[PDB]
Protein chains: 8
Amino acid sequence: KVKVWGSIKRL
Amino acid sequence: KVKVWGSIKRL
Amino acid sequence: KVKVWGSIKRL
Amino acid sequence: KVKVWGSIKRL
Amino acid sequence: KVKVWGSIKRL
Amino acid sequence: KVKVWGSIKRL
Amino acid sequence: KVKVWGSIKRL
Amino acid sequence: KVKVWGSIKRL
Ligand SMILES: O=S(=O)(O)c1cc(S(=O)(=O)O)c2c(/N=N/c3ccccc3)c(O)ccc2c1
Ligand SMILES: O=S(=O)(O)c1cc(S(=O)(=O)O)c2c(/N=N/c3ccccc3)c(O)ccc2c1
Ligand SMILES: O=S(=O)(O)c1cc(S(=O)(=O)O)c2c(/N=N/c3ccccc3)c(O)ccc2c1
Ligand SMILES: O=S(=O)(O)c1cc(S(=O)(=O)O)c2c(/N=N/c3ccccc3)c(O)ccc2c1
């Protein structure tokens, strides 16, 4: 299991 | 742009 | 960019 | 078992 | 420096 | 109830 | 409850 | 220098 926290440029 | 957070089961 | 943390069973 | 803490450029 | 992630019952 | 996140300089 | 992470200069 | 990773019951 991996947790993620950030941003993406598009959905 | 979208702020994104959560979990992923595997890479 | 995404900050990532968690566990992996094997390399 | 291995634990990870860092960043990735894309999901 | 310390980072926090959680909940509080009141402001 | 309130979800809270951020940074604190010292305890 | 709050998840907490960071650094402290000395005990 | 010491690094910390855990939880606290209140801010
Ligand atoms: O590492 S980043 O700089 O890319 C960064 C920065 C933020 S944040 O805006 O500064 O805190 C968020 C984030 N926060 N999102 C808000 C949700 C509700 C209200 C306001 C903000 C989020 O939910 C997920 C990922 C994030 C990644
Ligand atoms: O070694 S790195 O410099 O690449 C580094 C730095 C951070 S951090 O932002 O400075 O603490 C994180 C991280 N933290 N993520 C936040 C989660 C919620 C709120 C704010 C931040 C995370 O969950 C996983 C990996 C990380 C790797
Ligand atoms: O550890 S907890 O279970 O107490 C937990 C759970 C959440 S969350 O709702 O499931 O992701 C958050 C959180 N998220 N807040 C949202 C912001 C914008 C939209 C939706 C949600 C947040 O910004 C800060 C702390 C949180 C702590
Ligand atoms: O050892 S503990 O079980 O007490 C534990 C567990 C978690 S965790 O939620 O399972 O990964 C965290 C943590 N993670 N916090 C999130 C930040 C952003 C999004 C989701 C979660 C954190 O930033 C600091 C300390 C933690 C300590």
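- Its PDB header names X-ray crystallography as the technique used to obtain the model and reports a resolution of 1.8000 Å.

**Here's the deal with the sheet that holds strand β1 (residues 2-8) of chain C**
Working step 1: Ordered in space as β1(B)-β1(A)-β1(C)-β1(D), the four strands form an open sheet in which the pairing is antiparallel. Among the strands making up the open sheet, the edge pair consists of β1 (2-8) of chain B together with β1 (2-8) of chain D. Sheet twist, expressed as the mean angle between neighbouring strand axes with direction ignored, is 15°.
Working step 2: By the bridge criterion, seven bridges tie β1(C) to β1(D) in an arrangement that is antiparallel. When the bridges of β1(D) are listed, C:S7 appears paired with D:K3.

**Focus on the interface of chain C and chain A**
Working step 1: On the side of chain A, seven residues touch chain C, which itself brings seven residues to the contact.
Working step 2: Of the strand pairs in this sheet, strand β1 (residues 2-8) of chain A and β1(C) are connected by five bridges, and their pairing is antiparallel. Each residue of the ladder has a partner; that of A:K3, found in β1(C), is C:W5.

**A word on the interface of chain A and chain B**
Working step 1: Tallying the contact residues gives nine residues for chain A and nine residues for chain B.
Working step 2: Within the side of chain A that touches chain B, the residues separate by chemical class into four nonpolar, two polar and three charged.

**Some points on the sheet that holds strand β1 (residues 2-8) of chain E**
Working step 1: Taken in spatial order, the four strands line up as β1(F)-β1(E)-β1(G)-β1(H) in an open sheet, and their pairing is antiparallel. Edge positions in the sheet fall to β1 (2-8) of chain F together with β1 (2-8) of chain H, since each has one partner strand and no second. Across the sheet, the mean angle separating the axes of adjacent strands is 15° when strand polarity is ignored.

**So, the site of ligand 1**
Working step 1: Every residue lining ligand 1 is accounted for by A:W5, A:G6, A:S7, B:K3, B:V4, B:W5 and F:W5.
Working step 2: One finds residues of chains A, B and F in close proximity to ligand 1.
Working step 3: At 2.8 Å from an oxygen atom of ligand 1 is found a side-chain nitrogen or oxygen belonging to B:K3.
Working step 4: The contact in question runs from an oxygen atom of ligand 1 to an N or O atom on the side chain of F:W5, over 2.8 Å.

**A look at a nonpolar patch on the surface**
Working step 1: The grouping of A:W5, B:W5, E:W5 and F:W5 at the surface amounts to a nonpolar patch, some 510 Å² of accessible area in total.
Working step 2: Inspection of the secondary structure assignment puts F:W5 in strand β1.

What counts, and where the lines are drawn
- Residues numbered from 1 in each chain as written, not as in the entry; some residues may be left out.
- Chains lettered and ligands numbered in written order.
- Heavy atoms only, no water.
- Residues with missing side-chain atoms left out of burial classes, pairs and counts.
- Pairing = 2+ DSSP bridges.
- Helix = DSSP H or I, 4+ residues; strand = E, 2+ residues; numbered from the N terminus.
- Axes fitted to C-alpha atoms, helices over the stretch in contact; angles between N-to-C directions.
- Contact = heavy atoms within 4.5 Å.
- Nonpolar A, V, L, I, M, F, W, Y, C, P; charged D, E, K, R; others polar.
- Near = heavy atom within 4 Å.
- Polar contact = N/O pair within 3.5 Å; in protein donor to acceptor, adjacent residues only side chain to side chain.
- Patch = residues over 30% accessible without salt bridge, like charges linked within 9 Å, V, L, I, M, F, W, Y side chains within 5 Å.
- Areas by Shrake-Rupley, 256 points an atom, 1.4 Å probe, with all protein chains shown as cover.
- Salt bridge = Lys/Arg side-chain N within 4 Å of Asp/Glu carboxyl O.

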